Amino acid sequence: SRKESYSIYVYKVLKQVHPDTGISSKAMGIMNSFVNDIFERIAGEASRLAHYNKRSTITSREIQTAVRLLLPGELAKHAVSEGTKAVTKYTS
Amino acid sequence: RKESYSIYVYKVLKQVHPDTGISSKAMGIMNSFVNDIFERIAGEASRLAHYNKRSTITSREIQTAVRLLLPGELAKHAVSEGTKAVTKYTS
Amino acid sequence: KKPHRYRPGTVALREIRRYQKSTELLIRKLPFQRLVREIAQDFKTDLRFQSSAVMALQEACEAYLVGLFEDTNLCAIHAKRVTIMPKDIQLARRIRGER
Amino acid sequence: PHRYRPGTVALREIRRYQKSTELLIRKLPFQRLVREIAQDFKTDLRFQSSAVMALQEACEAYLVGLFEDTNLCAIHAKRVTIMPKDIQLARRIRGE
Amino acid sequence: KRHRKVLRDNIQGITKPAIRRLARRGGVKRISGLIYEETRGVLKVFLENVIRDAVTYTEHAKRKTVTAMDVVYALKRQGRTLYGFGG
Amino acid sequence: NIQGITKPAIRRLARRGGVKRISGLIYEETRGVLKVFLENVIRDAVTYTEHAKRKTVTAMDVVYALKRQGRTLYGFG
Amino acid sequence: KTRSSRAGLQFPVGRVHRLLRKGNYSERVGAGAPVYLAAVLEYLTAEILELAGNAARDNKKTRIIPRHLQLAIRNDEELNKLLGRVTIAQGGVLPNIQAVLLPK
Amino acid sequence: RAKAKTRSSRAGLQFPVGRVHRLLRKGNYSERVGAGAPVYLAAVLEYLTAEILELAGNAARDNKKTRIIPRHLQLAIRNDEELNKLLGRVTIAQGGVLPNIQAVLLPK
DNA sequence: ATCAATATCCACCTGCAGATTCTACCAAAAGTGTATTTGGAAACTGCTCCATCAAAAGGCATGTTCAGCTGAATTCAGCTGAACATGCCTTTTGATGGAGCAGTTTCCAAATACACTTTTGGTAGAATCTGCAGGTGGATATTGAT
DNA sequence: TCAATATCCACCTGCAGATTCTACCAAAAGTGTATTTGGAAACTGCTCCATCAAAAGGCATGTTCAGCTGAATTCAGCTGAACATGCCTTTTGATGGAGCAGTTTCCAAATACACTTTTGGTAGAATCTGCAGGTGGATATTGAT
Ligand SMILES: [Cl-]
Ligand SMILES: [Cl-]
Ligand SMILES: [Cl-]
Ligand SMILES: [Cl-]
Ligand SMILES: [Mn+2]
Ligand SMILES: [Mn+2]
Ligand SMILES: [Mn+2]
Ligand SMILES: [Mn+2]
Ligand SMILES: [Mn+2]
Ligand SMILES: [Mn+2]
Ligand SMILES: [Mn+2]
Ligand SMILES: [Mn+2]
Ligand SMILES: [Mn+2]
Ligand SMILES: [Mn+2]
């Protein structure tokens with residue numbers, strides 16, 4: 001009986017932003033719901049993007065455009081900044 | 001090239017109203033309609049298969065998706081037609 | 001010394017502050033559960049429920065009703081009333097696209 | 001000389017425009033507006049004709065529906081005249 | 001083989017004071033007497049719609065137990081995404 | 001350019017919406033509302049345009065924007 | 001021999017099958033799935049065209065136009081429900097005036 | 001063979017790039033997936049998680065609590081215009097609502 | 001509570017412009033003949049949770065009383081918004097170039113797929129650890145009074 | 001101003017829930033080979049954009065007044081506040097066993113691939129439907145009794 005979740009990563013992030021703060025199990029469940037939800041939205045939009053443009057590959061470009069479509073304003077700008085930085089660091 | 005459902009829509013139209021035609025705009029709306037419902041049903045079927053850890057979309061997923069997406073009598077008649085069509089096809 | 005009495009509305013407002021401060025479910029657990037099971041049984045007999053499934057349904061229902069009461073309240077106030085009435089609910093739901 | 005009472009011609013116009021389907025905003029100013037708004041998102045843009053027509057059909061459908069809800073809000077308040085607060089109530093309840 | 005007492009008229013379990021509490025959280029100060037029955041009808045419809053879809057998923061999965069995920073999926077496909085009940 | 005959406009046009013839209021009487025303040029309000037709507041849709045449309053590496057907004061760009069905003073449009077595919 | 005002919009359909013079973021295979025819906029597609037789907041789509045098309053044809057005939061037109069489609073759809077409770085968040089271009093709206101706005 | 005380095009570490013991330021890649025592969029989104037796509041996605045998911053947790057932590061401390069509960073998530077989300085927009089059709093279980101009484105309802 | 005006068009709506013008309021239907025050519029898509037693999041159903045079986053009940057304590061639902069205050073009904077006029085006439089300018093409609101883009105096609109370097117082998121981060125369960133729920137009690141702030 | 005009441009605000013500790021610890025192993029990472037694809041280069045028409053021009057009809061403006069909205073006012077009956085009563089919910093735990101998951105096996109059903117046959121998209125020709133205006137009767141409105 002092995003069940004995967006985003007709990008440990010959410011917790012690592014939590015320790016990054018609020019070092020002396022914890023989180024209840026219920027709240028962690030809401031965070032896991034959140035990550036899965038956004039995963040689905042972004043991946044789905046990217047899939048649609050690739051399809052519309054007759055591409056068989058979802059690339060970081062599709063992810064980025066999906067992010068711009070789905071996220072409001074500054075949230076979108078900040079997210080794009082994080083993703084871009086991560087991809088360029090990964091490439092090096 | 002550039003695909004549409006126009007000829008099939010026209011065949012159906014000829015079935016239900018033999019002496020009735022259809023404008024270009026109206027045909028465009030019918031094509032939009034068919035693509036829309038296709039996407040709704042196929043998408044729900046995809047999720048149904050995923051939720052149940054199945055790699056195959058079968059007529060059962062289509063049927064369940066139809067039951068989820070269509071209201072009342074439309075759902076019942078659609079289920080009837082799909083089942084009938086699959087039964088006629090199989091033999 | 002005539003007994004104490006708060007004027008109509010004071011306790012209501014107090015209750016608003018109280019329940020907007022908190023998060024506990026406002027419908028009784030067991031009666032809601034009975035409701036869910038009755039309704040589900042009229043779709044398929046002999047169904048069972050995960051505990052968290054019924055709790056999920058209750059969270060969804062109460063969130064839905066609370067939001068509906070917000071919109072209903074706005075409709076009542078729009079009509080220069082302070083009392084919500086069925087027509088307020090019906091307007092809110094008509095504009096929501098529920099009706 | 002003849003004069004219709006306030007409301008008679010309004011009702012006539014309602015019947016007239018609910019009977020028909022033609023676009024109700026003028027083509028050129030709408031197009032001008034669309035290009036102006038678009039410029040603040042991306043430079044050097046062009047538009048397909050049908051893209052502008054698509055935007056106009058969508059916009060007019062949106063406004064007509066909003067006016068339906070707005071009207072319901074006005075009537076709710078025992079008025080027959082729509083006011084900005086009616087629009088604002090409708091848009092708040094829509095989740096806009 | 002020892003079934004529960006048959007469930008009937010349970011919508012009345014959504015009591016007047018419960019509906020009042022929900023309305024209070026919704027910011028409502030005063031409530032017409034006819035609201036309560038109205039609320040019940042509305043709630044029942046909502047519940048019916050959700051549970052119908054939920055049960056459909058349950059039936060598709062060939063299960064006899066409605067799961068939290070069945071409900072979550074029903075809600076999601078009804079545009080009322082619920083957080084907290086996955087896994 | 002928003003003032004190009006004239007008072008009689010807004011009146012015609014309201015008539016189709018079933019409105020019999022109209023406050024003078026409606027028109028400006030309507031314009032603001034229209035602008036917001038347009039902005040949102042167009043913002044998404046152009047995003048699609050940019051993803052396709054095009055300089056021309058297509059009918060499909062608009063249709064996809066509208067669809068993803070829950071305002072599905074038939075007739076322009 | 002075509003699959004549509006074997007299924008008693010006008011809508012294209014082969015095309016629907018290909019669109020399912022290439023739509024990134026699932027890794028595999030059963031043989032009956034595109035038949036069922038094509039049948040459902042054809043049914044709904046037939047229902048809408050039936051009513052729209054009627055509206056066209058009332059308007060003494062031999063051709064169905066978007067207006068007739070809108071009239072057909074909005075005047076049918078279940079079709080209107082199915083297409084609740086859909087805009088039919090050049091469809092207009094149903095004639096409808098609130099009673100309070102009328103004289104007397 | 002070279003010593004194992006994880007893609008998350010290579011990308012400077014906390015969220016799991018490998019896992020995200022697998023989920024993209026098996027979610028039937030496309031036939032092929034670029035090397036940068038799961039990195040980008042993981043980075044975005046991580047960032048958004050960070051923004052919500054930041055605000056929720058703030059609320060928790062405002063309430064003199066050291067542990068984040070659903071209430072804090074709801075406060076954080078609804079009091080932030082863009083998060084509120086993003087999660088506009090989402091229910092936070094045990095979140096409650098923002099305190100808000102219409103002015104006309106208050107005594108004179 | 002009808003009438004006479006008047007204005008607008010709504011079929012119905014014809015002629016012919018143009019929108020739709022018909023046609024024919026031809027890549028592209030579906031079909032087909034075979035071969036081969038595999039997803040998932042069937043049959044098990046273990047072992048979680050789920051259904052139902054039980055007791056007891058007290059939180060909360062119900063029914064009652066009654067009066068404050070709200071919704072509903074009504075009155076009235078000021079000023080807004082409708083209707084209509086008038087004449088100006090913005091949009092519509094049409095012509096003409098041509099520059100900018102879409103939209104295609106070819107071919108390798110680069111990217112991704114996927115299998116095998118190997119390693120480690122992630123998980124479940126156990127062991128620690130510790131907020132905060134309630135329980136207490138007093139300060140402070142609000143309320144409604146006669 | 002007070003009496004009455006509710007809410008606010010520290011303070012306290014124990015234990016239910018949260019975090020950390022441990023160690024096995026599922027799945028990610030390294031590596032190598034096979035297969036797909038992105039883009040730079042070189043094209044070709046084809047939609048738009050820019051520009052010019054006339055003229056039509058839609059809009060802007062000003063006037064008059066009808067009637068709608070908002071304010072003021074009055075009242076009766078409904079809903080909120082308070083209280084007793086006692087029901088049934090909540091909490092905690094027992095007892096069976098229904099029904100999920102977990103494994104293993106093996107065909108019916110699906111994919112793969114090479115090649116032919118059939119079909120649907122496209123643009124111009126051939127048909128034939130609407131529509132642009134114009135008529136006359138139906139219908140509806142207005143002002144006067
Ligand atoms: Cl099948
Ligand atoms: Cl009412
Ligand atoms: Cl206003
Ligand atoms: Cl990539
Ligand atoms: Mn029953
Ligand atoms: Mn197998
Ligand atoms: Mn009042
Ligand atoms: Mn006057
Ligand atoms: Mn390790
Ligand atoms: Mn406490
Ligand atoms: Mn192993
Ligand atoms: Mn082979
Ligand atoms: Mn053919
Ligand atoms: Mn005419």
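Letters A, B, ... mirror the listed sequences (proteins, then strands); counts begin at 1. Hydrogens, waters and symmetry mates are skipped; everything else that's a heavy atom, side chains included, is used.
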| field | Partners passing side chain to side chain donor-acceptor pair (under 3.5 Å) against E:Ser32 (at least two apart in sequence or in another chain) | value | none

| Is there a residue in residues 16-25 of chain H whose heavy atoms reach under 4.0 Å of DNA chain J, and which residues are they? | H:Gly18, H:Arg19, H:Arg22

| task | Output every pair passing salt bridge (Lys or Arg N to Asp or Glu O under 4.0 Å) with a member in residues 13-29 of chain C, not counting sequence neighbours, ordered by first then second residue. | result | C:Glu15-E:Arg24, C:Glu24-E:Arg25

| query | So what does the secondary structure string of DNA chain I come out as, 5' to 3', with Watson-Crick or wobble pairs under 3.5 angstrom, [ ] for crossing and | for pairs with another strand? | reply | |||||||||||||||||||||||||||||||||||||||||||||||||||||||||||||||||||||||||||||||||||||||||||||||||||||||||||||||||||||||||||||||||||||||||||||||||.

| request: Just jot down the salt bridge (charged side-chain N to carboxylate O under 4.0 Å, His left out) partners of D:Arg79, sequence neighbours excluded, or say none. | output: D:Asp86

| said: Please give me every residue in residues 8-15 of chain C whose heavy atoms get under 4.0 Å of an atom in DNA chain J, ordered by residue number. | reply: C:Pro8, C:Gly9, C:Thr10, C:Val11, C:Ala12, C:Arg14

| request: Could you list the residues that satisfy side chain to side chain contact (heavy atoms under 4.5 Å, CB included) with G:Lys1, not counting sequence neighbours? | output: G:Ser5, G:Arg6

| query | For B:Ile7, which contact category applies under a 4.0 Å heavy-atom criterion: base, sugar-phosphate, or nothing? | reply | sugar-phosphate

Expected rows: protein N/O vs nucleotides 40-43 of chain I N/O, under 3.5 Å:
residue : atom : partner : partner atom : Å
I:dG40  : OP1  : B:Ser55 : N            : 3.1
I:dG40  : OP1  : B:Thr56 : N            : 3.0
I:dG40  : OP1  : B:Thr56 : OG1          : 3.0
I:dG40  : OP2  : B:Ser55 : N            : 3.1
I:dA41  : OP2  : B:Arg54 : NH2          : 3.0

| said: So B:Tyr8, base contact, sugar-phosphate only, or nothing? Heavy-atom distance under 4.0 Å. | reply: sugar-phosphate

| query | Does any donor atom in the side chain of H:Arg7 or H:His21 lie under 3.5 Å from an acceptor atom in the other side chain? | reply | yes

| field | side chain to side chain contact (heavy atoms under 4.5 Å, CB included) partners for E:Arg30, two or more places apart | value | C:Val82, C:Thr83

| What pairs with G:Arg18 under salt bridge (charged side-chain N to carboxylate O under 4.0 Å, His left out), at least two apart in sequence or on another chain? | B:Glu3

| query | Between the side chains of G:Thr62 and B:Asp19, does any donor sit under 3.5 Å from an acceptor? | reply | no

| said: Checking C:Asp46 now: which residues fulfil salt bridge (charged side-chain N to carboxylate O under 4.0 Å, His left out) with it, not counting sequence neighbours? | reply: none

| task | Sugar-phosphate atoms are those with a prime plus P, OP1 and OP2; base atoms are the rest. Using that split, label each nucleotide of nucleotides 45-61 of chain I B, S or - for protein heavy atoms under 4.0 Å, 5' to 3'. | result | -----BSS-------SS

